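Below is one structure, written out as structure tokens; comments come after it.
Here, each number is a calculation from the coordinates, and none is a lab measurement. FYI the Cβ positions are ideal-geometry reconstructions off the backbone, even for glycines, and counts take in every protein chain you see.
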Amino acid sequence: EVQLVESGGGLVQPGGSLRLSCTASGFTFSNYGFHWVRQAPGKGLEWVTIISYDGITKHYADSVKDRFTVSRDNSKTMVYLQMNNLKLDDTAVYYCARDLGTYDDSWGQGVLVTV
Amino acid sequence: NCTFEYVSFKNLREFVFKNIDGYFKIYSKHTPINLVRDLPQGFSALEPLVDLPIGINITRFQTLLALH
Amino acid sequence: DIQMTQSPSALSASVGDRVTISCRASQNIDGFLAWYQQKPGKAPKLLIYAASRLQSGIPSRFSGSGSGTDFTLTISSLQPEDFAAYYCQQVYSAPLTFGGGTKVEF
Amino acid sequence: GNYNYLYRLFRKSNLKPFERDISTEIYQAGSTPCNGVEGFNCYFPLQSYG
């Protein structure tokens with residue numbers, strides 16, 4: 001089974017720095033690429049960023065571009081979504097999903113982020 | 001990890017081992033011998049029991065002998 | 001980038017009633033769409049990956065249809081578990097956009 | 001890219017028909033021995049298909 005858990009989400013002041021953690025267990029974390037998604041209340045989902053399996057190559061959404069950074073550690077089997085210059089609009093429940101859009105896709109339970 | 005599983009001197013059993021196009025062929029015949037010291041001279045033809053598509057090249061073989 | 005919206009409004013069909021949602025891409029994403037099912041307070045579950053082929057661990061009733069821009073999902077019979085907000089994401093581009101969503105209610 | 005698919009970029013000899021090579025040993029293209037580690041003129045045999 002593939003298990004994904006999220007942590008590091010809490011109420012933050014506007015303009016604060018908040019960093020999330022994407023737990024990985026039951027699969028080879030290093031082999032698979034990882035994506036980050038957020039769900040705003042009473043809205044559709046919004047993909048935030050993507051990191052490659054090695055972590056060398058990363059892309060970001062237009063809204064969070066130059067504000068949100070994504071990092072990962074292969075040894076720790078965790079993907080970190082650093083968030084900076086946070087706004088009231090940014091408030092969402094952040095879901096970390098691995099291999100989005102494919103058979104391999106799995107979805108984490110998520111941790112609420114409030115600003 | 002086993003591709004094939006099989007659930008089922010006075011004896012001589014003869015085997016021909018060959019690997020061709022990733023297929024291993026075993027020809028098995030079962031003929032009783034009379035002389036204990038060595039097989040008496042005779043002519044036999046071995047009929048293939050089964051063909052296995054192992055694909056692995058074989059460069060060496062070894063035997064297994066039960067010890068009391 | 002590509003933008004994903006769901007055309008149908010919230011449908012309050014009862015249990016055992018067939019329902020069909022439509023997802024439309026802004027520009028051609030070929031067969032790169034992923035249908036999801038998110039229960040409130042729950043992780044989204046990917047119903048169908050790409051088109052036609054159902055995802056493993058998803059009930060047979062859910063179906064994947066639609067080529068090119070147009071994509072469609074049909075549920076043969078409704079159930080209490082089925083009611084949720086469904087969302088579709090383009091996978092063709094490097095940035096990913098998610099569907100607006102359609103609420104399913106009893 | 002899909003790391004799920006890899007092709008054998010470098011092999012010492014051409015494979016015979018219906019023969020499978022799954023070996024991951026480092027390819028000694030260079031005269032110098034690879035020694036089981038990455039080095040100049042030494043490349044991993046499998047090149048992940050992009």
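Odds and ends about this structure:
- Evaluated against (1) more than 9 Å from chain A (Cβ to nearest Cβ); (2) part of a strand (DSSP E or B), C:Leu78 falls short on exactly one condition, (2).
Okay, residues lined up against (1) within 30 Å of A:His59 (Cβ to Cβ); (2) surrounded by 12 or more Cβ atoms within 10 Å (Cβ to Cβ); (3) touching a strand residue (DSSP E or B) at 6+ places or on another chain (Cβ under 7 Å); (4) within 11 Å of another protein chain (Cβ to nearest Cβ):
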site: D:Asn4; (1), (2), (3), (4): yes, yes, no, yes
site: D:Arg8; (1), (2), (3), (4): no, yes, yes, no
site: D:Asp21; (1), (2), (3), (4): no, yes, yes, yes
site: D:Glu25; (1), (2), (3), (4): no, no, no, no
site: D:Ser31; (1), (2), (3), (4): no, no, no, no
site: D:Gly36; (1), (2), (3), (4): no, no, no, no
site: D:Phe40; (1), (2), (3), (4): no, no, no, no
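- Take the conditions (1) within 11 Å of chain A (Cβ to nearest Cβ); (2) in contact with a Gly (Cβ under 6 Å, 6 or more places away or on another chain); C:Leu46 misses just one of them, which is (2).
- The single residue among B:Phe4, B:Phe15 that is within 17 Å of the chain's Cα centre (by Cα), more than 14 Å from chain D (Cβ to nearest Cβ) and not in a strand (DSSP E or B) turns out to be B:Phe4.
- Subset tally (residues that are part of a loop (DSSP other than H, G, I, E, B), crowded, with 16+ Cβ neighbours inside 10 Å and either within 13 Å of chain C (Cβ to nearest Cβ) or among the aliphatic types (A, V, I, L, M) (or both)) for segment A:73-103: 5
- Test: C:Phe83 is over 20 Å from C:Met4 (Cβ atoms), more than 9 Å from chain A (Cβ to nearest Cβ), buried (at least 16 other Cβ atoms within 10 Å of the Cβ) and out of contact with any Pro (no Cβ under 9 Å at 6 or more places or on another chain): yes
- Segment C:2-43: number of residues that are exposed (fewer than 13 other Cβ atoms within 10 Å of the Cβ) and at the interface with another protein chain (Cβ under 10 Å from one of its Cβ atoms): 2
- Looking only at segment A:55-72, and only at residues there that are more than 10 Å from every other protein chain (Cβ to nearest Cβ), among the hydrophobic types (A, V, I, L, M, F, W, C) and in a loop (DSSP other than H, G, I, E, B), the one that is farthest from C:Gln89 (Cα to Cα): A:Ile56
- Residue within segment D:21-32 that is within 9 Å of the chain's Cα centre (by Cα) and of a type in the set (D, E, K, R) present: yes
- Candidate set from segment B:43-68 (those that are outside any loop (DSSP other than H, G, I, E, B) and among the hydrophobic types (A, V, I, L, M, F, W, C)); member that is farthest from the other protein chains (Cβ to nearest Cβ): B:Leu49
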